[PDB]
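Let's start with one chain on its own, the form deposited in one PDB entry, as structure tokens.
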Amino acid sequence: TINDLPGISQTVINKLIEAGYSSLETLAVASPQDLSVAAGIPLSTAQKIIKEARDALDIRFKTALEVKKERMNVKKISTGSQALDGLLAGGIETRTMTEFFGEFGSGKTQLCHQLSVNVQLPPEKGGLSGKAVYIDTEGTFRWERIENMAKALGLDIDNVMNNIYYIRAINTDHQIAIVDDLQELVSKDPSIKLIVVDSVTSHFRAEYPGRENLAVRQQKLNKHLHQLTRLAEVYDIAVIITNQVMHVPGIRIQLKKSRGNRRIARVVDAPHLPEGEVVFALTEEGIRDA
């Protein structure tokens, strides 16, 4: 869980794990001299790691200055829930693939829809003034939902629906291919800033079912995810995937159910993001607060 340390070499990371320092919490409670003599690492390097080890575990107060730097440095998309935006240090981020996995109805879909709409807002409103691309794997798209979310944001339905490139991926090959053709699609239309793949694992599970296949599944399935990650990294766009459930980087968020209207959000895998969970709701207007 330490592979994500600010300004750190890969060589040392190894030496760190070798020495026996697996988690960031072991490094945290460590003494510079100790970690230094137990893995080569110059004394200056030993303490830099320890410092950064804490910053992730402990609470530190940045300054409104650094904040301005970051805010205008990278850019994110708002989910519609202030609570969730927080869990996501602002929201869905470009140049990175964020995944929402959770049981059926956990929020996954509505959130994909919400983002295909919110991405069109302006930076002032948690948007990036751009278009989305929804890749309907199991046939989950619902315009009745886009309309309601557009309505809530008092936007031109028609127009909002025209800013969402849509497409059905019926089997893995088509899923693999459509994605292959995203490079071209974005080149032709640079206003695209969001790629959405609902149920990415879906066909891969259907076609290569069982453990008798589990191997080459995650395999072909990881090559797919990389194709997506590379695209988000090269075109500076956000990629969102959903995986339905009861090692490919990017944020992984778990959605869960609470009493009827409410849902729980929790950070699983993610470097720059603070662990902990927050609640939000699924209303008629869409992904919003409780």
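Residue numbers run from 1 along the displayed sequence. Whichever C-alpha set is largest while still superposing within 1.5 Å between the two forms counts as the rigid core.
Missing deposited residues between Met246 and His247: 10 or more, all without coordinates in the entry. The PDB entry records a higher mean C-alpha B factor for 29-37 than for its counterpart among 223-231 and 29-37. Across the two stretches, 208-216 and 104-112, the PDB entry reports the greater mean Cα temperature factor for 208-216. Comparing the C-alpha B-factors of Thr63, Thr45, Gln254, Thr242 in the entry, the top value falls on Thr63. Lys76: CA B factor in the middle third of modelled residues in this chain (values from the PDB entry). Ranked within its chain, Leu282 lands in the lowest third, by CA B factor from the PDB record. Annotation for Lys68: C-alpha temperature factor in the highest third relative to the rest of the modelled chain, per the entry. When the modelled residues of the chain are ordered by their C-alpha B factor, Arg262 lands in the middle third.
In what follows, reference is made to the form deposited in another entry, a form of this protein that is not presented.
With the rigid core aligned between the shown form and the other one, the listed residues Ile237, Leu228, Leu221, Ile41 include just one Cα displaced by at least 2 Å, namely that of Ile41. With the core superposed, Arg266 shows a C-alpha displacement below 2 Å between the shown form and the other one. Annotation for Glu275: C-alpha shift under 2 angstroms between the shown form and the other one, rigid core superposed. Taking the rigid core as fixed, one finds a CA shift for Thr26 of 2 Å or more between the shown form and the other one.
Relative to this form, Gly90 and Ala28 approach one another in the other entry, with their C-alpha atoms ending up at least 3 Å closer. Distance between the C-alpha atoms of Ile8 and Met97: longer in the other entry than here (change of 3 Å or more).
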